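# Notes for the structure review
Now for the letters of each chain:
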Amino acid sequence: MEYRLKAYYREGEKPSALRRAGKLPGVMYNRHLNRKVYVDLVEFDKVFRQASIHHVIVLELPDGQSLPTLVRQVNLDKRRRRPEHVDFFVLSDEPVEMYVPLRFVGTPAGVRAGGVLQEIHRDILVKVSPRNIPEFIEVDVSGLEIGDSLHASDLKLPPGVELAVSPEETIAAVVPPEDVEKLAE
Amino acid sequence: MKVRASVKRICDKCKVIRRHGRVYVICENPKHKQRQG
Amino acid sequence: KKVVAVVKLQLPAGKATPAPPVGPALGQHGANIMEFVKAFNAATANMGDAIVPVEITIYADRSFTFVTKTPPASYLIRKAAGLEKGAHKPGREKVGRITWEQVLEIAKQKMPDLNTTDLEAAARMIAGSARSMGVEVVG
Amino acid sequence: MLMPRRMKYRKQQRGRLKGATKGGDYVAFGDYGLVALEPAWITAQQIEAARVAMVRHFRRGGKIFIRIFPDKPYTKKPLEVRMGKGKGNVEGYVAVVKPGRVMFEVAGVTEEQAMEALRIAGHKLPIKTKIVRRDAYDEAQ
Amino acid sequence: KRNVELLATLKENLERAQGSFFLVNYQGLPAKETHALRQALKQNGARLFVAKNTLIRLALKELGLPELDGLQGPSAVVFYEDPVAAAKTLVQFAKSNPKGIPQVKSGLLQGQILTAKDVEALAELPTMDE
Amino acid sequence: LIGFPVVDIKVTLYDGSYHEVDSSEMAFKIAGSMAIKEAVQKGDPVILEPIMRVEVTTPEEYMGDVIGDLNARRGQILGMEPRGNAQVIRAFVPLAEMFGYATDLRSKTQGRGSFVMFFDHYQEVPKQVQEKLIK
RNA sequence: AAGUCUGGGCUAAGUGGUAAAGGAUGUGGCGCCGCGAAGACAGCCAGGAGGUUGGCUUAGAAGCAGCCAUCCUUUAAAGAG
Ligand SMILES: [Mg+2]
Ligand SMILES: [Mg+2]
Ligand SMILES: [Mg+2]
Ligand SMILES: [Mg+2]
Ligand SMILES: [Mg+2]
Ligand SMILES: [Mg+2]
Ligand SMILES: [Mg+2]
Ligand SMILES: [Mg+2]
Ligand SMILES: [Mg+2]
Ligand SMILES: [Mg+2]
Ligand SMILES: [Mg+2]
Ligand SMILES: [Mg+2]
Ligand SMILES: [Mg+2]
Ligand SMILES: [Mg+2]
Ligand SMILES: [Mg+2]
Ligand SMILES: [Mg+2]
Ligand SMILES: [Mg+2]
Ligand SMILES: [Mg+2]
Ligand SMILES: [Zn+2]
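Residues numbered from 1 in each chain as written, not as in the entry; some residues may be left out. Chains lettered and ligands numbered in written order. Part of a larger assembly, values for the part shown. Heavy atoms only, no water. Residues with missing side-chain atoms left out of burial classes, pairs and counts.

What follows deals with the overall build of chain C. When helices and strands are counted, chain C shows four helices and five strands. Order of helices (α) and strands (β) in chain C, N terminus to C terminus: β-α-β-β-α-β-α-α-β. For a compact globule of 139 residues, the expected C-alpha radius of gyration is about 14 Å, and chain C comes in at 18 Å, more than 25% above that figure. The long-range fraction of contacts in chain C, counting pairs at least 24 apart against all pairs at least 6 apart in sequence, stands at 59%. (Helix = DSSP H or I, 4+ residues; strand = E, 2+ residues; numbered from the N terminus. Rg over C-alpha atoms; globule rule 2.2 N^0.38 Å. Contact = heavy atoms within 4.5 Å.)

If you want it as structure tokens, here you go:
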């Protein structure tokens, strides 16, 4: 849950040359720094598929530095469903704005009754110190029946960790379930 | 024998064979007998 | 003069007519087939209902021999929870209830039929058999 | 089936299928997705069939989302007339789709269930289409 | 790799609670005659230890790894181990040899056994209650 | 629907008027009919067909085959008892499906079974039968 | 007219030398998890069992019409099949 990934420095190499040779063009930045980097596709993919934009990844640069980051954006080539480039946010002791996995706890009274829980948000936006990223945030959705929902305004929130979006924003809902009976009409 | 462009395993004993350039399906049940054609 | 057989039946209470399975598999006994109407409804006429199991053996001079078990899990529990039937849909509607120590005494009725020979093991069988029907156990 | 409630204009010129999906490329709602492998005006009765497939599979049921909507009116001249005398009569609606688009999404359903539905839905469509499942890459968008 | 481990512990446990474990080739017995000639050694061999049958492969890594006199009877074939010491047995090997040398064509067939901690024998173990 | 008798209804009479002069006995007959001819027309009419209470007597070799035929003839089975041993199977099948039965029965029972059959009641022919009949 | 030219690889259909949805133990090459000498996969030798016909539902649905539930027990194991 505190990931590492090798990360090297590119200068003038073509993104195409790189992408070809199994590597992933990328950039790492923050308000003090900006640097063009590549990672091995397959290695990033292994990490990233667990980490996502949620958990720190740590960049082992050839120079020996050990940058601790967050994946900010990841550009996909739309034709091939694949990653072309990654944005690496280099974290700092200041608090930071980022995304927290929401784990939905419990089975609703609306599921189990025929229907369906639509997790609108699977995570949420959060202002927070890097030093306390709550790798999780549990929400109880057992009280939800069909036609019921749940907004940010709920949501327990460890400390601290304040929200970062309107609490007016809805986050899960239970909606009714595709009926073949509903069909003929 | 069934003769179609879609030859498939129909039940759990259905067997897919390649014979003399042709894909067949062969099975205990004889309705299942396909030939690709 | 038909063979030595080991027959296994399941007939309920009352209906003691010599029709299948009391006929083809029972002709091989030369059975006093109607001696069961009276030698069965004599342990089950104070009771009335209850399927009571039975094994019927024949030998070499054409006579029959049968010995019975004890009324079903599902049966014993139905007349302890104020019920005629089960619960239609096991899950959302319980139509009776039973304490931890009324299942034990039901578990004490079925003690010489089972796999275990215990009470805590046995009563959870009764307990699982209450979930099978949808009658909550008064715990 | 599907079509616009209202339109600013009733017939439109034909345009062109160059290129990958403009957007709409990542899964947003459900757990599984059906992505178009090729360009095609998918027609509404098509979309509709695909839906009906999946509800019929699920029976009851989960949730199907539809991410393409047919809003291009399709013209056609009446049979056996000649060129000229104006543009033809709108006959139905279609949705312009380019490879990488996610067309339909499913949620609340077994993994076996999803794939099989999606398999069927593809069969009702005039193009290649791989099934996809929600990833990290999707939620990074 | 695998649950094969939490059964070496099992058999280690039930072996490290004894010193006189026998072994039988519990072959052809049905289910009706199985839960008999097993409650049999549960009302003749204390606790609930008739046979603890488990993979010979591991019950030689069991006897092997406690050294437990490397029970080399021949843990080939159907091999089921009669914990006669996780019980209270003695001439209770007769509890075995009656149910089996009658209720079959060879019933609870005896193979290897080691009493106190000394390796018993073949028929001399099978005649150790007759 | 197809001009067969109307059965199974409750005819409530209430309001009305008269004339010491114009009105008559005949003049009220026509009133009643016109009333009823619209009653049974404006209220979801439906075609009932007859249904027979059937007993088939079969050597029980033949049980399933027979019940099989029975359901397949749009029937609905009621139960099974022994007789001359021999067996008996009771059923409601629509009469429309009992034509020439004796011969399938004899085929399905090796010419060893038999049957009796009686009108029991009427009921709503299937929505997919009814509207074929309306020709 | 000029190489039966050189080195690596594939293809077995005369594919090359006429086409699509789709279908396939064709053939090669990758990659990812999985089980495996604490003995896997294949065959084959045992067992595969109780409470229990689970409750409900038809006249009967006894593991296998179908609607619920899917526990418990001896157990090496064994599903309310
Ligand atoms: Mg990849
Ligand atoms: Mg086909
Ligand atoms: Mg074969
Ligand atoms: Mg044009
Ligand atoms: Mg455009
Ligand atoms: Mg078209
Ligand atoms: Mg012309
Ligand atoms: Mg036109
Ligand atoms: Mg016109
Ligand atoms: Mg298609
Ligand atoms: Mg994918
Ligand atoms: Mg966008
Ligand atoms: Mg050459
Ligand atoms: Mg060459
Ligand atoms: Mg060819
Ligand atoms: Mg050629
Ligand atoms: Mg050719
Ligand atoms: Mg290939
Ligand atoms: Zn087959």
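Attention shifts here to the overall build of chain E. Secondary structure summary: chain E contains three helices and four strands in total. The C-alpha atoms of chain E give 14 Å as radius of gyration, which agrees with the globular expectation for 130 residues (14 Å, within 12%). C-alpha atoms of chain E, sized along the principal axes, occupy 40 × 30 × 25 Å. For chain E, long-range pairs separated by at least 24 residues make up 82% of all intrachain contacts whose partners lie at least 6 apart in sequence.

So, about the interface of chain D and chain A. With 36 residues of chain D at the interface, the matching set in chain A holds 26 residues. Residue assignment for the side of chain D that touches chain A shows that the elements contributing at least two residues are α1 (44-58), β3 (63-66) and β7 (129-133) of chain D. Counted by class, the side of chain D that touches chain A contains 13 nonpolar, nine polar and 14 charged residues. (Nonpolar A, V, L, I, M, F, W, Y, C, P; charged D, E, K, R; others polar.)

Another aspect to go through is the packing of aromatic side chains. Taken together, a centroid distance of 4.7 Å and an interplanar angle of 85° make the contact between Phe36(C) and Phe66(C) edge-to-face. Of this pair, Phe36(C) sits in helix α1 (residues 36-40) while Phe66(C) sits in strand β3 (residues 64-67), and the two are 30 residues apart along the sequence. An aromatic cluster of three or more residues is present, and its members are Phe44(A), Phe48(A), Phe88(A) and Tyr137(D). Taking the ring centre of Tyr26(D) as reference, the NZ or CZ of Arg67(D) above it sits at 6.0 Å. (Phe/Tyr/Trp six-rings, centres within 6.5 Å; stacked < 30°, edge-to-face > 60°. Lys NZ or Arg CZ within 6 Å of the ring centre and 35° of its normal.)

With that out of the way, let us pick up the pattern of salt bridges. One salt bridge in this structure joins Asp135(D) and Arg81(A), with 3.2 Å as the shortest N-O distance. Remark: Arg81(A) occurs in the loop between β6 (66-77) and β7 (82-90) and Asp135(D) occurs in the segment after β7; the pair is interchain, linking two chains. With its nearest N and O atoms 3.0 Å apart, the salt bridge here joins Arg119(D) to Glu116(D). A residue pair is termed a helical-turn pair when its members lie 3 or 4 positions apart in one helix, as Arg119(D) and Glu116(D) do in helix α2 (residues 111-123) at three residues. (Salt bridge = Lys/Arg side-chain N within 4 Å of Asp/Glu carboxyl O.)

A word on α2(D). Between its terminal C-alpha atoms α2(D) stretches 19 Å, which fits the 18 Å expected from 13 residues at 1.5 Å a residue. Where α2(D) begins, the side chain of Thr110(D) points an oxygen toward the backbone nitrogen of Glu112(D), at a separation of 3.3 Å. (Expected span 1.5 Å × (residues − 1). Polar contact = N/O pair within 3.5 Å; in protein donor to acceptor, adjacent residues only side chain to side chain.)

This brings us to the environment of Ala87(E). Residues and elements named next belong to chain E. Locating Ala87 in the fold gives a position in the loop between β2 (82-83) and α3 (93-100). Distance in space between the C-alpha atoms of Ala87 and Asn44 is 8.3 Å, their sequence separation being 43 residues. When neighbours within four sequence positions are excluded, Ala87 is seen to be in contact with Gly45, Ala46 and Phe49.

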